[PDB]
Each structure stands twice: as C-alpha cells, then as structure tokens.
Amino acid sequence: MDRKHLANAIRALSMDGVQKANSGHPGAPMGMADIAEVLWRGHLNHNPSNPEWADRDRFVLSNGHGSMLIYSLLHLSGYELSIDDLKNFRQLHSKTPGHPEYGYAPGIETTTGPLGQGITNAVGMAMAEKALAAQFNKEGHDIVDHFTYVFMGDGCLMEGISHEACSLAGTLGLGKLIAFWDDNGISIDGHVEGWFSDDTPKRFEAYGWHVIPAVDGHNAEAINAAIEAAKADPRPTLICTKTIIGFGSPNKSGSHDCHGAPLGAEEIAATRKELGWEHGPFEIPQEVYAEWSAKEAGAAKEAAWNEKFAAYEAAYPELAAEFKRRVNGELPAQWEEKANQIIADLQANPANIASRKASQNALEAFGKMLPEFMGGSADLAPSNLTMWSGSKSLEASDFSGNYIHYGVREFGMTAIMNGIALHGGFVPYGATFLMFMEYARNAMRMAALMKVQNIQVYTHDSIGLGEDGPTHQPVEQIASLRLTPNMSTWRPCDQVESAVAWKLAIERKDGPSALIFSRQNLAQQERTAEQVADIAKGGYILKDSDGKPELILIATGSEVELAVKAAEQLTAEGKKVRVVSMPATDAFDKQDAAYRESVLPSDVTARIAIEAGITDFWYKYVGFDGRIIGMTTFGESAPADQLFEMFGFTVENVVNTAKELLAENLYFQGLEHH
C-alpha cells in the first residue's frame, strides 16, 4: 500500500476523534502525520504487546496538545487502545484524556501538555539510556541500545526550559536523542513572526547539536534521510521539519483556526476529499491495519533482545541480576536491615549539625548500597552538599558515573529527572536552594501528577540562611509544596529525622519527595525506638507531659529545639506541655484517625504551631483556638540569629504566647470547645 494512505489514517482518526469530542486540537496531528508514519513504520523499535520492554525506543510528544496524534499511532500500530477509546477522547474516565497522560493509555511514555517539558523529559530518558549503557554494556553484549525521539512545536522552543534542556544535552553529547521540530510558522496568537524570529538552526548549533535544516515534513524521502543522518551523528540531532498545520484542510490549513477547535462537519468532508480518504468516522480498512501493525515486528525484536540478554546473563550473572533489579525498581537485598541500623546508629550518636550536612551523611551511608543513585545539583554542590565519596560526574565521553552537574538550570534539571525516573534503572535526586524550587515548580507538580519518584534536596530553608536576604529566604515555599496533591514534603528537625526522610524518599516511587534542609546547625533530640519508628508517620509525640497535656507545641525542622526549650521552661513553671514534631504533614494526614487523635487530641485546643514559614498554613492544625508563631512577611538581609530574634522565634516569645493562650482557657472557655 502507498505510504500516503497510511499517514492519512492518522489524519482521519485525529480529526474524527476531535470532532466527536467537539474539543481538542486537529492542527498538529494533521501537520505531522507524514513524519509520524515514516518514524513509526520505518524506524521505531517497539513491541505493542509489551509497552515496558526495557530496550524499546522512547517516543515523546512534547507538543502534547496534538494528543490525537499519539492516540492514533498507538491504536494503528496495535497497542491495547481501541477504536472505542478514541471514540471516548476527552470523556469522563477514558484512556484518552485531552492531553496524553502516563499510565492512562499503554505506550504513553510521559504526561505532556505544559510546553517545554516533553523535550526536557526526553533529554532525561536519553541520559538514562546512555548511563545504563555505560554502566552495563560489555564487549559483545550491548544490552542497552535504544533511541529517544521527540516531536516539538514552536511553543516548546519559545519556552526557557528548552534552552536549559538542550544546552545541557549538547554538553553531555546525547547522540541518540533525535528531536523533530514541527516548523509550521503558527502558534495560538497566529503567524509567529511578530514574537518568534530566532534562527532556530543556528541556536541549536550553538548548543553543539547536529541540526538538519529545511526538511520537507511532507516528503517521506526527505524525512527518512534526515532520520538516517540523525542516527549516524554522535551529537543530539534537531530535524527541522517544515509542515503545514492542519495539512489536508482546504480552508483552515496554515491557519490558527485549526490549532485548537474542531474543524466542523463541512470542513471535515472537504478534507477527506482533498486527501483521497474515502472512509467514514473511525473506519480503518483492514489493509491499513495490516500495514500499520507493529505486533509481529515488535514481538520479534523483543524476542531477539531477550536472547541478547540471556547471552549477557550467562556471561555476566552478577551484572544481569543488578540490571533486572534496577529496571524493576527493586531495593537492594539488605536495604531495610541496613538502612534501619544506620538510623539507629544516628540516634545512638547525637551530632548537632545542619540537616543539609545530615543529608550528605545519609547520601554517603545509603549511597554505598545504591548504585542506581543518579544525583546532582543545579550548580550548588558545595552548598547543598549533594556529593559523597562515591559521586562520579557524568561527561560526554564517560556516562558510567552517578552525578550530574546540572548548571544553573532548576527547571530543566527537575524535568530531566522526571524523564530519568520514567525511563527506569535509577533513583534520581536533585538539589537547589529551597527558594529556587519556584523556578522548577511545574516540573515538581508534573512528578506528583505522573506519580514518579523525583527526590529534591532543597537546602537553606528559612531565614536561618541569614545574610543573603529576602530574595533567598523561603517563607511560603514549604506551604505551597504541602498544598500540592501527591507531594511528600519533609522538614527534618535533626540528623535522625533527616536519615529517615531520605530512607522514605528512596522508597517513595509513586511520587516526588521534597526534602527540606537547614543551612544552620540543628540540635539532636532524644527518641525511644518507638519514637524513631514514628518519624515515618510524619507527626509524632516528641516530648510528653505526665497526664493529659494542657498545651501542645507543634513544630517542624529547625524550630523543634525552640519548642523543646520553651516546653522545658513552661514545665518548670507547672505546665503540662506536649511537643509534637511534624516533619511531614502529608504523611501525618494519612495516618488513621486513632493515631492522629493520639498525637493531637481534639479536646486539647491550646496548640501553638512554630515554624519559620508562612503562618496561615497552620490553621489546619491549630484552628481558631490555637496560635501560630511563624512568618507573615518577607525576610531581611542580616545574620540569622538577629533574624530569628526580630521575627519572634525566641523562647521568651513562645513562653509568653503560651501563657497568654492558657489564660484564654479560663472561665471554661476552652472546655466548652467541641
């Protein structure tokens, strides 16, 4: 069968899927159909019967609004995604949401939609392939060998994160990363000349990429030749495919009218005429299904690879076992035993250190067990302390290491790490000052949405950092992480909580981990072995009164010592005071009602939350009858001890607030609470 009929099946399913939904974006799927057909039928190595084949090529659709394109590709080639699924595009609980979502449909490699992050995830997956290949491939046994293909549009290229991702991808020499730019000259505002006029080829040459300019995106021969050139060049390749958006529509192609609205029934009939497509809505001839099917090619490719791996396993049994364990996301053999012993050693051996130093100590203790670590920092290795004795930097000519110098690229680093975690085989971690979490904010939201592991070491977490001032001092950042669905946010109060937070983060594979560490030194607290085990519950009783407490101090991270010292002075003045350490509110929230009531009994309304962060978050735990000692403003440039005093993080202020609060409990005004 002729090629153009096969490409035209993509266009028909796309425009029909969008029309039945009366919602969605037919432009880009129709403009890129030829490129997709050449790539998918001619070059992509994948098995539709096993979307998790470890050595499959990875395809990412970074211009994610053209979701019908990838849904069309998955259905046509034989994945478990049916015509009825396409008929349910953008409908309640379907496998075909309006933007493609990881784990919603088989073969979707990442969730896209926020522009720029698809290409950045793809840079990550290319880095994972290259590192796995450098760590596992042996002479005559190259068991890691697959490419990363990305489609992107003008929106992705305008976004700043494309500059971070692709600059670093050049430095690191990611020759198996192959990106197709949908150069169609249009974005939502219309003709892009007024706002997007880069020499895009020259830009990517400046990144050290291999760039193939001026490729006719509707010539199957030019597309095939560009892909062949790309696979042969050892630098990442940008293929600049010039296309017509909405290709096939007589009246709406080359216009922003076809970008993100249904074509309409009249225009759709005219498009079928123009393309010579004589089949109605969702009708694919069996001949097309035959020529598009990838099931037997893919079954043969995986069977071959399974034999390739069996040979590898005979010759390198220990390495093969490591490869199996890591690509399945399994922990090391004695993980639980060894990790818990490390934690108990820390509780036995108090150090008063900064929790960022405790973080480095946990990396050193746990990392000896975790060859799958792939750490890094956005140019802050000596302040975040993300390197330990075993850290080895990745470089273009040697990807066998385990540490990435991301440069000043918080957003790119965080979304690269999503691509690494999605790829499999590693436990990635990254780092920056907690303030500059904000530069990478949406990539962390995307990890929560995708339910992938993404461990962020966020140091310098409050006014405790001191002189660098209010552009650096977090105030509201911790709360904005706590308010994010499926974010796990840990603010350890000492080296023991720090190591527990790291152990849980390493184990946390269904969502991101924000590990919040202090610049300044933190006093270690005494804990029974039950209390150590209760750290993992996110909120636990650290100090208790004899008998029911009349006052509960809830504190996090660096403010716990302040709570403990104020509770000591109040106890010596006759008061019954409990101190609750709350390293992770999200873990505390998931504990059963019985546990939570045991920690914060509802009948004790005299509670004070103490945290060098935005106060308004804490009404959740103290309500109207409690008090909050926190921040309500930006910080100031000064030494930290002066900042803590100025902003009220003093034992005297906690004690006075407590006595004032206890006085409001007179005249039965507290006992009346129910």
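From 1 onward, residues are counted along the sequence shown.
K.L.:
Quick one: higher average CA temperature factor, 293-301 or 496-504?
P.N.:
It is 293-301 that shows the higher mean C-alpha B-factor.
K.L.:
Which is higher on average in the deposited entry, the C-alpha temperature factors of 305-313 or of 425-433?
P.N.:
In the deposited entry, the stretch with the higher C-alpha B-factor mean is 305-313.
K.L.:
Out of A128, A415, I178, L263, whose C-alpha atom has the biggest B factor in the entry?
P.N.:
That would be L263.
K.L.:
Kindly indicate the residue among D468, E287, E109, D461 with the greatest C-alpha B-factor in the PDB record.
P.N.:
Result of the comparison over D468, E287, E109, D461: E287.
K.L.:
Ranked by Cα temperature factor within the chain, is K324 in the lowest third, the middle third or the highest third?
P.N.:
Its C-alpha B-factor belongs to the highest third of this chain's values.
K.L.:
Based on the entry's values, in what third of the chain does the Cα temperature factor of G539 lie: lowest, middle or highest?
P.N.:
It falls in the middle third of the chain.
K.L.:
Would you mind ranking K575 by its C-alpha B-factor against the rest of the chain and naming the third, lowest, middle or highest?
P.N.:
CA B-factor rank for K575: highest third.
K.L.:
Among the modelled residues of its chain, does the C-alpha B-factor of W335 lie in the lowest, middle or highest third?
P.N.:
Tercile = highest for this residue's CA B-factor.
K.L.:
Looking at the entry's B-factor column for C-alpha atoms only, identify whether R58 ranks in the lowest, middle or highest third of its chain.
P.N.:
For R58, the deposited C-alpha B-factor lands in the middle third.
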